[PDB]
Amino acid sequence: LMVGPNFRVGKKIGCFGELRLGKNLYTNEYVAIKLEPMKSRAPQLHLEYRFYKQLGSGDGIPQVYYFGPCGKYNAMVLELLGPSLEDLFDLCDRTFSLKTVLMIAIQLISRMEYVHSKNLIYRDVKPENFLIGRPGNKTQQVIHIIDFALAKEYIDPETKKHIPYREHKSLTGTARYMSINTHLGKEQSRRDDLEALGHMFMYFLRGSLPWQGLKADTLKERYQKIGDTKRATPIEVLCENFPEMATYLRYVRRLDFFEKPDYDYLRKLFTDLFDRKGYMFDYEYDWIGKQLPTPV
């Protein structure tokens, strides 16, 4: 029924546990309640909360309100957001205008810059993890990054050194947007968040990516096929008609493991495009004036 003093648990609104609609009874505000069975054999909720705390208050970071026990679950109470870019992607007939994608990209490079500024790498880029604010809120226009369960501190706290390079890192997440180097079992760094973004920007522009249908008998082999197709798809072909996207992807693909990405350059690739195309950054995304779903 209740999370901590004041948060009432509500209906299931999503599915390592479930997401519930919650209400702060003390403020009359709806909230998100991410639950996780206490009997989880591989818990992620507490480490995710810890990453959220580490992120603090950022533009497009979901506020977090409570982490505590909830019957036979552990609960994390955070800010209730709207649809994901994937949900929105579907409402927009699985393509987005260049303006939508550019407004998304400009934002999410800054979102990613911020995450990286807090000594974290994200490692779970995917449209489903980028949520607009709520249908009426001051933040419906803002694309928020969620789900920090797969994040990593890429700067070691004691030494203040970048994490060392390594390989034979096993593959587990979403294969569709992951960097080529993630496919090669390399330790992910800041570059890989940014490349995965580029893949997703291309997914949005094209409607699909050319490795998105690939199936294999094991998942290891499927990652391999997808990775092979990524390597075998020239950026110039993947990004035909989108020159700055190819420029973005080459840049991020060529980043050294340790290299701090030049976020300003990448953002300017896109803001110059945006300007040149005659676009106005007015948050008038493709899905504006559509019937968007609600959590509540």
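Only the largest set of C-alpha atoms that superpose within 1.5 Å between the two forms is called the rigid core. Each residue number is its position in the shown sequence, starting from 1.
173-181 against 80-88 - segment lying farther from this form in 5 other deposited structures of this protein (CA RMS, rigid core fit): Of the two stretches, the larger average C-alpha offset in 5 other deposited structures of this protein falls on 173-181.
Could you check whether 132-140 or 182-190 drifts more from the shown form in 5 other deposited structures of this protein, using RMS Cα distance once the core is superposed? The stretch that sits farther from the shown form in 5 other deposited structures of this protein is 132-140.
Between neighbours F16 and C15, residues that the deposited sequence lists but the model omits: Unresolved stretch here: 1 to 3 residues.
Quick check on the record: does 175-183 or 106-114 carry the larger mean Cα temperature factor? According to the PDB entry, the answer is 175-183.
Pick between 95-103 and 206-214: the one whose mean CA B-factor in the entry is higher. The stretch with the larger average C-alpha B-factor is 206-214.
Go through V9, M280, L25, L273 one by one and give the residue whose Cα B-factor in the PDB entry is largest. It is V9.
Options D256, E29, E36, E236 - largest CA temperature factor per the record: Checking the PDB record, the top C-alpha B-factor among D256, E29, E36, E236 is at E236.
CA B-factor ranking of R50, expressed as a third of its chain: Highest third.
Looking at the temperature factor on the CA atom of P157, which third of the chain's modelled residues does it land in? Within its chain, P157 is a highest-third residue by C-alpha B-factor, going by the deposited values.
Going by the entry, which third of its chain does the Cα temperature factor of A42 land in? As the PDB entry reports it, the C-alpha B-factor of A42 lands in the highest third of its chain.
Ranking every modelled residue in this chain by its Cα temperature factor as given in the entry, which third contains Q141? As the PDB entry reports it, the C-alpha B-factor of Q141 lands in the middle third of its chain.
Give the position of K225 by CA B-factor within its chain, expressed as the lowest, middle or highest third. Lowest third, going by the recorded CA B-factors of the chain.
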